[PDB]
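Numbering (the numbering used here), first residue to last: 237 to 673. Just so it is clear, CB atoms sit at the ideal spot from N, CA and C, and this is done for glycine as well. Presented below is the structure to which this report refers.
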Ligand SMILES: CCN(CC)C(=O)[C@H](c1ccccc1)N1CCN(c2ccc(NC(=O)c3ccccc3-c3cccnc3)cc2F)CC1
Ligand SMILES: Cc1cc2nc3c(=O)[nH]c(=O)nc-3n(C[C@H](O)[C@H](O)[C@H](O)COP(=O)(O)O)c2cc1C
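Okay, here's the thing in structure tokens:
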């Protein structure tokens, strides 16, 4: 029985996709751990596929099983619009995800796009796509057709301006297939192809900038630097005395800033570091992974105060602090163990940002591949049987377009499963919501 095999094919999508896509909206909101720019697009994808599992797929089912459109004529226009609207916001949202990642990976940053521009791009996407899919809403027609003398039956189909003029309906079905399926899958493919080699054959680059008056922080910096070199980093030591602040951090995966503490009844930085601190906003620090060390003397009121001062400025500038600062007491040669320890801890933290990157990059690639393969049938169809215009095999054809349409609807419910399976901070977040309910 074909009607029942499509009964549960369409609703398990509805159910797998409402619960699935409701968890993604929820956890990105309830957990500040999860509020990132990438997850806001991921929740935007989720909100696009929720609009399809609850609005479209429910009324689609009943128009397929019964065969008669039993809802209003307003919905006959709106459900095809709400369906086209979703695939465009999805395609725009995935294309933004791929480019943003590519940009963070060349600038060696943890954010390029701000959390407040990301809301503005999410707006344009719904705005630009609500305009691009309005032909889907206007060129629908509500009227009667009787297959045989069944006394009530009404269908819902597309009607393009001419009585036999097919051209408006194909260029739309060719430009949109072009500008919104092979163009954005072209861009996405290009980005992840570059990103992938990048992530595979990169060497980490470290900048060490210290300020040192009698050589203690300088000795500490040489000691850090010998462990990061032994760890496969390409290390770059610069005395603060010899640099200028503009663009100083650009290109580096890791910046360590070392400074000794000075001053009289107040904290002062080491003297060569003052100009770098006064100009720290021109260095490229937002999104940059940093850490801080310094030499001090626990006799003083604020032991290694300069570290705190720098850590707070870097934090104000929106930099991503990666360890708590290292504060050496006395002669750093007598503290070599504490220093080499610290350096090993910084290295491990960088390995986790790098690993978190690879893991999330490969989940994002699975999402697009499961998107493009699932839309491949329907669009193959759409391209073929919109240059042909001869398909009266509708005992097969209508089934061909539905079973093709069911595949594409799997791109809705699939996304929460990939997150839970292939991303451990999602896995834990879903199970941390099903544990407070
Ligand atoms: C499934 C039930 N059935 C019959 C089996 C439907 O027809 C169901 C429907 C349900 C209830 C009432 C009326 C219609 N219809 C199912 C198809 N759909 C629809 C319409 C448009 C899009 N955008 C694209 O594909 C698309 C995506 C990216 C790039 C280009 C295109 C593109 C668009 C237009 C022409 N070229 C290419 C997707 C859609 F899914 C609207 C409702
Ligand atoms: C005048 C003066 C003020 C100092 N103030 C502090 C301080 O406030 N907090 C602190 O932890 N160490 C303080 N120190 C100790 C120095 O930070 C320490 O001697 C350090 O080793 C100098 O580092 P450097 O040789 O790399 O420049 C002060 C030292 C001097 C001479």
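Query - the stretch 346-360 in contact with the stretch 309-323 per 3-pair CB rule at 8 Å - result: Contact between the stretch 346-360 and the stretch 309-323 is absent, because fewer than three Cβ pairs lie under 8 Å.
**Report entry** Counterpart residues of residue 497 in DSSP-defined beta bridges
**Finding:** The residue labelled residue 497 in the question sits at position 261 within the chain shown. The partner list for residue 497 (beta bridge, DSSP) reads 505.
Query raised in the report: Skipping 5 residues on each side, what residues in its chain have a beta carbon closer than 7 Å to that of residue 457?
Result: As a working note, residue 457 is residue 221 in the chain shown. Taken in chain order, the residues that qualify are 444, 446, 473 and 494.
Requested in this report: For residue 316, count neighbouring Cβ atoms within 10 angstroms of its own Cβ and tell me buried if that reaches 16, exposed if not.
Outcome: The sequence position of residue 316 within the chain shown is 80, counting from 1. Residue 316 should be labelled buried.
**Report entry** Cross-strand partners of residue 393 (DSSP beta bridge)
**Finding:** As a position in the chain shown, residue 393 is number 157, starting the count at 1. Paired residue(s): 377.
Query - Whole runs of the alpha helix (DSSP H) within the stretch 519-567, excluding any shorter than 4 residues - result: Whole alpha helix (DSSP H) segments, 4+ residues: 541-552.
Query - Distance between residue 530 and residue 489 (C-alpha atoms, nearest Å) - result: Start at 1 with the first residue of the chain shown, and residue 489 comes out as number 253. Start at 1 with the first residue of the chain shown, and residue 530 comes out as number 294. Near 20 Å, if we compare the C-alpha coordinates of residue 530 and residue 489.
Report task. Rounded to whole angstroms, what's the CA-CA distance from residue 277 to residue 452? Just pull it up for me. Result -> Looking up residue 277 in the chain shown gives position 41. Looking up residue 452 in the chain shown gives position 216. Approximately 47 Å between the Cα atoms of the pair.
Query raised in the report: When every heavy atom of ligand 2 is checked, does at least one fall within less than 6 Å of the C-beta of residue 533?
Result: Counting from 1 along the chain shown, the entry for residue 533 is found at position 297. Under cutoff, so the answer is yes.
Requested in this report: With DSSP as the reference, please indicate the residues paired to residue 444 in a beta bridge.
Outcome: In the chain shown, the residue the question calls residue 444 occupies position 208. According to DSSP, which records beta bridges pairwise, residue 444 is partnered with 473 and 492.
Query - Extent of the continuous alpha helix (DSSP H) to which residue 305 belongs - result: In the chain shown, the residue the question calls residue 305 occupies position 69. Neither: residue 305 is in no alpha helix (DSSP H) and is coded neither H nor E.
Query raised in the report: Is residue 645 buried or exposed, if buried means 16 or more other CB atoms sit within 10 Å of its CB?
Result: Against the chain shown, residue 645 aligns to sequence position 409. Buried, by the Cβ-count rule.
**Report entry** Cβ-heavy atom distance, residue 416 to ligand 1, below 6 Å
**Finding:** Your numbering for residue 416 matches position 180 in the chain shown. Yes, Cβ of residue 416 sits closer than 6 Å to a heavy atom of ligand 1.
Report task. May I ask whether a heavy atom of ligand 2 can be found less than 6 Å away from the beta carbon of residue 497? Result -> On the chain shown, position 261 is the one that residue 497 refers to. Under cutoff, so the answer is yes.
Report task. Could you check if residue 536 is buried or exposed, using at least 16 other CB atoms within 10 Å of its CB as the buried criterion? Result -> For the purposes of this step, residue 536 is taken as residue 300 along the chain shown, with counting starting at 1. Exposed: under 16 other Cβ atoms inside 10 Å.
Query - Distance cut-off 6 Å: residue 409 Cβ against heavy atoms of ligand 1 - result: Position 173 of the chain shown, counted from the first residue, corresponds to residue 409. Flag set: Cβ of residue 409 near ligand 1.
Query - Continuous alpha helix (DSSP H) stretch holding residue 577: start and end - result: As a working note, residue 577 is residue 341 in the chain shown. Where residue 577 is concerned, the enclosing alpha helix (DSSP H) stretches over 572-620.
Report task. Grab the span of the alpha helix (DSSP H) containing residue 458 for me, first residue to last. Result -> Locating residue 458 in the chain shown gives position 222, counting from the first residue. That run of the alpha helix (DSSP H) goes 452-466.
Query raised in the report: Is it the case that the Cβ atoms of residue 263 and residue 669 are separated by a distance below 7 Å?
Result: Counted from its first residue, the chain shown places residue 263 at position 27. Counted from its first residue, the chain shown places residue 669 at position 433. Closer than 7 Å, so yes.
Report task. May I ask you to verify whether the stretch 336-344 touches the stretch 280-295, counting CB pairs closer than 8 Å and requiring at least 3? Result -> no
Query raised in the report: Under 7 Å between the Cβ atoms of residue 649 and residue 252?
Result: In the chain shown, counting from the first residue as 1, residue 649 sits at position 413. In the chain shown, counting from the first residue as 1, residue 252 sits at position 16. Taking 7 Å as the cut-off, the beta carbon of residue 649 is found closer than this to the beta carbon of residue 252.
Report task. Count the C-beta pairs between the stretch 515-526 and the stretch 543-556 that are closer than 8 Å, then say yes if the count reaches three, no if not. Result -> With a cut-off of 8 Å, the stretch 543-556 and the stretch 515-526 count as touching, because enough Cβ pairs lie within range.
Report task. Report buried or exposed for residue 407, applying the criterion of at least 16 other Cβ atoms within 10 angstroms of its Cβ. Result -> Locating residue 407 in the chain shown gives position 171, counting from the first residue. Exposed.
Query raised in the report: With a Cβ-Cβ cutoff of 7 Å, do residue 455 and residue 568 count as a contact?
Result: Mapped onto the chain shown, residue 455 falls at position 219. Mapped onto the chain shown, residue 568 falls at position 332. Cβ distance < 7 Å, so residue 455 and residue 568 count as in contact.
Query raised in the report: Can we say the stretch 395-414 touches the stretch 423-438, given the rule of at least three CB pairs closer than 8 Å?
Result: no
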